[PDB]
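Trainee: Pasting a structure here, questions to come.
Numbers and lists here come from the model and the stated rules, or from a named source; none is laboratory data. FYI the Cβ positions are ideal-geometry reconstructions off the backbone, even for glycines, and counts take in every protein chain you see.
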Amino acid sequence: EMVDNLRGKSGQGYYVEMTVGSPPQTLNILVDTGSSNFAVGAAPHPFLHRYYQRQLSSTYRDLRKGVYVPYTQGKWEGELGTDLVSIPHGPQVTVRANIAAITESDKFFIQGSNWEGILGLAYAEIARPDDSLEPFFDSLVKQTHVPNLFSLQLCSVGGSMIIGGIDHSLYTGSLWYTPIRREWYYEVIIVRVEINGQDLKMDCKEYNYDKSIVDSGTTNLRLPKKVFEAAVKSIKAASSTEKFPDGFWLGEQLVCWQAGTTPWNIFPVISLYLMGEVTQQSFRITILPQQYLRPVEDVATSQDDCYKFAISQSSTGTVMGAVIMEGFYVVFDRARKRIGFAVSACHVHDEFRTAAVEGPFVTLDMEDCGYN
Ligand SMILES: CCCCCS(=O)(=O)c1cccc(C(=O)N[C@@H](Cc2ccccc2)[C@H](O)CN[C@@H](C)C(=O)NC2CCCCC2)c1
């Protein structure tokens, strides 16, 4: 009953229905493995269809403490409190959890996105104001018998968040696991990067400067400057049969082709090799251009199919965002401190190429690829 419990619009996040308060107030909540605060609009905003009304909830408790949260994109401030929370299309339980009532925000809420709040599913260590503010999923596990694990299948868009388990109907082939290096973000280690089978030939610590995270709340694949520049150079070379403006590669400008004629074949596959659970072993996940060229829906341009380049530069480490997670089933195995990847039942791919998760691979170089 949890399958297909996510919705979204491309590039605007995936959200699950939740209720807060007594009696329950229904809100759509963005699922974010890249943060650890549960926060909801709690005052009028031009882009909010509805918001949390604390005065109507008998079970609301004010914590008399403000909080401020800056993201890569956007920021908000609010008042901390606790209240009862449920997930209608998740486990059938009710938990009391911390909630940040957003009273002011800047470039956070998105016009027409259909969500009114955000569920930070990462660890207390990056919670604001500090790590003593217990994250929602921690409260969920403490207060119920739900297993300490959840999985995400991100595919108008939809998908599934399976809480407490793994649904075999959502993937094919094998699940490969990479260790969670540190429990704050869902931090992982990338050991090798190839573009159309060609190694970028970098010291592997560069791939994880200064960290690499799995982040459902970030749209793009974000790469450290040095890695980004090398990637773009190789993708340009592979697709050189056509030339695009530098603004396209900066992720700022659209590229369009006549409807139905996108030249997928001139764009390379990208392989990210992730540290395995055994010494010097790895597996790779392979991303097709259908993933890193993000379609931008606009009726005005609909004579064409237009895309944004959904790989962009980072100064804060690698971010494996939605572009990467789409077409994979991703298991956040908190209990065993590992992340699993498998090919998703909802894959794009064409008649020539298919996204993959495969291994094992062995590395002779004994260097630790972690930055710290
Ligand atoms: C021209 C290129 C544009 C690229 C846009 S893009 O793809 O980066 C990009 C595109 C869309 C969103 C974001 C983005 O910052 N995502 C937020 C959540 C969010 C979701 C929806 C709207 C606004 C925000 C994550 O939480 C980001 N996760 C960590 C990286 C993070 O910043 N964690 C915080 C650490 C400090 C405490 C709070 C959590 C980035």
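Trainee: Output the qualifying pairs, or none if there are none: Cβ atoms under 9 angstrom, residues six or more apart or on different chains, first residue in segment 252-267 and assigned by CATH to the domain that holds residue 312, second residue within 16 Å of the ligand (Cβ to nearest atom) and among the small types (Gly, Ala, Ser).
Mentor: Note: pairs meeting the criteria are 253/247.
Trainee: Regarding segment 189-198, can at least one residue be identified that is of a type in the set (S, T, N, Q) and closer than 23 Å to residue 124 by Cα?
Mentor: no
Trainee: Here's a follow-up. Taking residue 192 as the residue in question, decide whether it is within 16 Å of the ligand (Cβ to nearest atom) and either not hydrophobic (A, V, I, L, M, F, W, C) or not in a helix (DSSP H, G or I) (or both).
Mentor: Numbers: within 16 Å of the ligand (Cβ to nearest atom): no; either not hydrophobic (A, V, I, L, M, F, W, C) or not in a helix (DSSP H, G or I) (or both): yes.
Judged against the criteria, residue 192 is not a match.
Trainee: Limited to segment 107-143, what total is found for residues that are part of a loop (DSSP other than H, G, I, E, B) and farther than 23 Å from residue 188 by Cα? Talk me through it step by step, then tell me what you get.
Mentor: Residues of segment 107-143 that are part of a loop (DSSP other than H, G, I, E, B), as a first pass: 107-116, 121-123, 127-135.
When the remaining residues are screened for being farther than 23 Å from residue 188 by Cα, the result is 107-116, 129, 132-133.
Residues meeting the conditions: 13.
Trainee: Within segment 84-142, can you find the residues that are more than 13 Å from the ligand (Cβ to nearest atom) and polar (S, T, N, Q)?
Mentor: Listed by number, the residues that qualify are 86, 92, 94, 98, 103, 132, 139.
Trainee: Answer yes or no: is there a residue in segment 50-68 that is away from the ligand (no atom under 13 Å from the Cβ) and under 21 Å from residue 92 (Cβ atoms).
Mentor: Step one: filter segment 50-68 for residues away from the ligand (no atom under 13 Å from the Cβ), giving 50-66.
Then keep just the ones that are under 21 Å from residue 92 (Cβ atoms); that gives 57, 59.
Yes, the conditions are met somewhere in segment 50-68.
Trainee: Step by step: first the residues of segment 20-43, then only those that are hydroxyl-bearing (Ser, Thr, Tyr) and over 26 Å from residue 329 (Cα atoms), then the one that is farthest from the ligand (Cβ to nearest atom). Which residue is that? Steps first, please.
Mentor: We begin by selecting, within segment 20-43, every residue hydroxyl-bearing (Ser, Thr, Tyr); these are 22, 26, 33, 35-36.
Those still in the list that are over 26 Å from residue 329 (Cα atoms) too: 22, 26.
Details: 22: 28, 26: 20 Å.
Once the filter is applied, the top-ranked residue is 22.
Trainee: Looking only at residues in segment 219-252 that are assigned to a helix (DSSP H, G or I) and acidic (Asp, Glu), which one is nearest to the chain's Cα centre (by Cα)? Quick ask: steps written out before the conclusion?
Mentor: So the first thing to find is which residues in segment 219-252 are assigned to a helix (DSSP H, G or I), and the list is 225-238, 246-249.
Now restrict to residues that are acidic (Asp, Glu): 229, 246.
Working: 229: 22, 246: 26 Å.
Ranking the candidates gives 229 first.
Trainee: Hey, any hits in segment 168-175 for a residue that's surrounded by fewer than 22 Cβ atoms within 10 Å (Cβ to Cβ) and within 16 Å of the ligand (Cβ to nearest atom)?
Mentor: no
Trainee: For segment 208-217, does any single residue satisfy the condition of being buried (at least 16 other Cβ atoms within 10 Å of the Cβ) and either part of a helix (DSSP H, G or I) or more than 13 Å from the ligand (Cβ to nearest atom) (or both)? Give the steps one after another, and end with the answer.
Mentor: Keep residues of segment 208-217 that are buried (at least 16 other Cβ atoms within 10 Å of the Cβ), which gives 208-209, 211-217.
With either part of a helix (DSSP H, G or I) or more than 13 Å from the ligand (Cβ to nearest atom) (or both) added as a condition, the list becomes 208-209.
Within segment 208-217 (the criterion being buried (at least 16 other Cβ atoms within 10 Å of the Cβ) and either part of a helix (DSSP H, G or I) or more than 13 Å from the ligand (Cβ to nearest atom) (or both)), the answer is yes, since at least one residue qualifies.
Trainee: Further question: Within the set of pairs 6 or more residues apart or between chains, which connect a residue that is on the phi < 0 side of the Ramachandran plot and assigned by CATH to the domain that holds residue 105 inside segment 77-95 to a residue that is surrounded by fewer than 19 Cβ atoms within 10 Å (Cβ to Cβ) and of a type in the set (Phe, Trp, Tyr) with Cβ atoms less than 6 Å apart?
Mentor: Close Cβ pairs (under 6 Å, with a partner that is surrounded by fewer than 19 Cβ atoms within 10 Å (Cβ to Cβ) and of a type in the set (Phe, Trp, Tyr)) amount to 77/68.
Trainee: So which of 198, 253 ends up being surrounded by fewer than 21 Cβ atoms within 10 Å (Cβ to Cβ), within 16 Å of the ligand (Cβ to nearest atom) and among the polar types (S, T, N, Q)? Even if it seems obvious, please write down each step before you answer.
Mentor: Numbers: 198 fails: within 16 Å of the ligand (Cβ to nearest atom).
Just one listed residue meets the conditions, 253.
Trainee: Hey, could you check segment 344-370 for residues that are of a type in the set (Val, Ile, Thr) and under 12 Å from residue 287 (Cβ atoms) and say which is surrounded by the most Cβ atoms within 10 Å (Cβ to Cβ)?
Mentor: The initial filter retains those residues of segment 344-370 that are of a type in the set (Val, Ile, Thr), namely 348, 354, 357, 362-363.
Adding the requirement that they be under 12 Å from residue 287 (Cβ atoms) leaves 348, 354, 357.
On the way: 348: 16, 354: 14, 357: 23.
Residue satisfying both the conditions and the ranking: 357.
Trainee: Looking at (1) among the acidic types (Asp, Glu); (2) touching a helix residue (DSSP H, G or I) at 6+ places or on another chain (Cβ under 7 Å); (3) within 18 Å of residue 369 (Cβ to Cβ), find the lone condition where residue 203 falls short.
Mentor: In the conditions (1) among the acidic types (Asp, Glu); (2) touching a helix residue (DSSP H, G or I) at 6+ places or on another chain (Cβ under 7 Å); (3) within 18 Å of residue 369 (Cβ to Cβ), residue 203 misses (2) alone.
Residues are listed down the side, and each one gets a yes or a no for (1) in contact with a strand residue (DSSP E or B) (Cβ under 8 Å, 6 or more places away or on another chain); (2) surrounded by 21 or more Cβ atoms within 10 Å (Cβ to Cβ); (3) over 27 Å from residue 5 (Cβ atoms):
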| residue | (1), (2), (3) |
| --- | --- |
| 54 | yes, no, no |
| 70 | no, no, yes |
| 90 | yes, no, no |
| 120 | yes, yes, no |
| 137 | yes, yes, no |
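Trainee: Quickly run through segment 162-178 and pick out the residues that are closer than 24 Å to residue 191 by Cα and in contact with a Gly (Cβ under 8 Å, 6 or more places away or on another chain).
Mentor: Step one: list which residues in segment 162-178 are closer than 24 Å to residue 191 by Cα, which gives 173-178.
Answer for segment 162-178, where residues must be closer than 24 Å to residue 191 by Cα and in contact with a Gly (Cβ under 8 Å, 6 or more places away or on another chain): 175, 176, 177, 178.
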